[PDB]
């Protein structure tokens, strides 16, 4: 409405309330979901054109049905971990399969301007591989973890059907624990003096504590020492994270965590 | 809930298989750089044997 | 409260720097009438510490925090509570709601 | 009001509240904003000037 | 406690790590066990060799597997 | 009355300050630790000297890294 | 005990006042300790004299800098 | 870590994320191609005529932004304010020792 009328001034237009009728059904055309996809793809190249305002609506075509690829980026940014440390931190057969599926070479998913983002609307693909329903375990694991880590959007993410929740959940929890329990924290700036701490870690034997940083291997060994049943402190961290969460809607991984952990 | 069947018995069996799948996630390393875990001997042999299988 | 960041880290990081400041005030005499205080040279140890570093020096606190197994201490945890609790009527998605729902437990 | 009422007493003038209807796309006008800055930057220099108001 | 391989409840066991990146874990049978309420409770013989009885104690401090991909055991 | 290094738990070590507003850090092994069980329970041995053993006295109470950066260790 | 100053220490030093209307602070090593509830726990060497045993000993009822400016301690 | 592999099938993996940039723009950079700021405002619709359309149209839908743009230049247009020191920022010179200036002087 307002985004187009750069001081033309009208009023109310779409009379009768939506019943999917005079509204939603507009993009079944192979040739029109094509036009959205080409306008967007072009005006991505230079967004500083006079007529770049077009993308006020063509945006949603970019990575339409690619939420899994979207989830991945968010975990990274939430964990603060590298582009691959997260990959190493995957500890489920069925989530690593989906993860191979997403990252298969020769697909240009990591090139700036490409056909890739529009494959559904551009009619390149009928059933996308980086979808959140064809990677339905990576979605649940990535989201639960991100949430347990103070995520704002994870709360309202869809909980997939027919996946290995149990196995997917301790895995998420342990990850969350690791990245939660210990932080980065190194002096960044200084004037004359600074904290040296390179070879310094343990004198030894007090221990029992969780590992130092976030080495997937160290944690997996530690977890093996706790007889593989997650420990009080872990179970507390979660309860801690998910209580105080309010107004969760059903079928979200949010309502899931809160029911799984707050007791 | 089905009718005229053996409840005080399918539920035990079920709850057991439930406890089993529950108490034992797969959880094994899936990607690595150079090092990885392998969980060798002392994987069972140490007389901890009291907890579930 | 900004989206897509290192929450359980930026927070801890801040809890420290927050604890440091309000845990030790500059505190020092400013005007006199003949007499005043001082204690720069006069400070002793020999296992009498086990307490947070005096003043707001970065590298000293950092040491102290290395001592505390890099996890926040019950007291610096409690400090937070007292700070955040007693706030009333917060807007949604603000760092204030974040702070209260993080620390007020 | 209290300001847009220097000497002559004048009440509300627009009718429909903000709601992106009346003076919305003003701040989208790369000329109004560009004038707005001018006024402000100018008066920030002569903070004491008569019409700094 | 009165056992044959128990006397070494004060003796050093220096485990050399990776390189100079981390320091040795100066371990003994007294940081892993109290008296007889942990050692004479799970596979505790007197026939046990020094390293074959220490390695068991690596469970008490919950760092057997934690310290496996680390040191030369 | 046991080990060997435990005899010198009465005698002190002194580390020299890093700055001008500081006096030396004089520390003893009897003071840092609890009794004896604590000394071995945190990984003490008899095969040690003083400096290498008095730093393990520092750490368990949670003040190694502070000294490390305020005194000459 | 085999120390020259631990229990057998009951000598009050006449520390002159700073204000021109007061009476000297004359304290010992039991107003500042108990027995083994402070000497073993925090601070103190057996090699110290009469001043530095009461100087570092000056902390029990929580006063050292308060008596620093009001007396010539 | 430019090499990660599935520890069972031993095949390579190349973890990657979709592109994002939106790089910043510093105040100084603008003052390298243009040493002026383009203000497109003037309409020859006679000073006084505008004063009535920014009022009667200030109801709903009326009062075009071209009206308020042209009027607002109109009123503030005049030259005032003795410069009591100097003015220069970003290699641009506005005022000197003691000019006079106006809002419009940009």
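Each residue's number is its place along the chain shown, starting with 1.
Method of determination (from the header): X-ray crystallography, 3.5 Å.
Backbone N, Cα and C define each Cβ position, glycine as well.
Here's what Swiss-Prot has on this protein:
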- G:34: phosphoserine (MOD_RES)
- G:35: phosphoserine (MOD_RES)
- G:41: phosphoserine (MOD_RES)
- G:53-73: region 'Interaction with the Nucleoprotein-RNA and template-binding' (REGION)
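Structural mapping of features recorded in Swiss-Prot.
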{"residue": "G:34", "record": "phosphoserine", "contacts (Cβ under 8 Å, 6+ apart)": "none"}
{"residue": "G:35", "record": "phosphoserine", "contacts (Cβ under 8 Å, 6+ apart)": "G:7"}
{"residue": "G:41", "record": "phosphoserine", "contacts (Cβ under 8 Å, 6+ apart)": "none"}
Helix, strand or coil at residue G:41 (phosphoserine) [DSSP, three-state]: coil
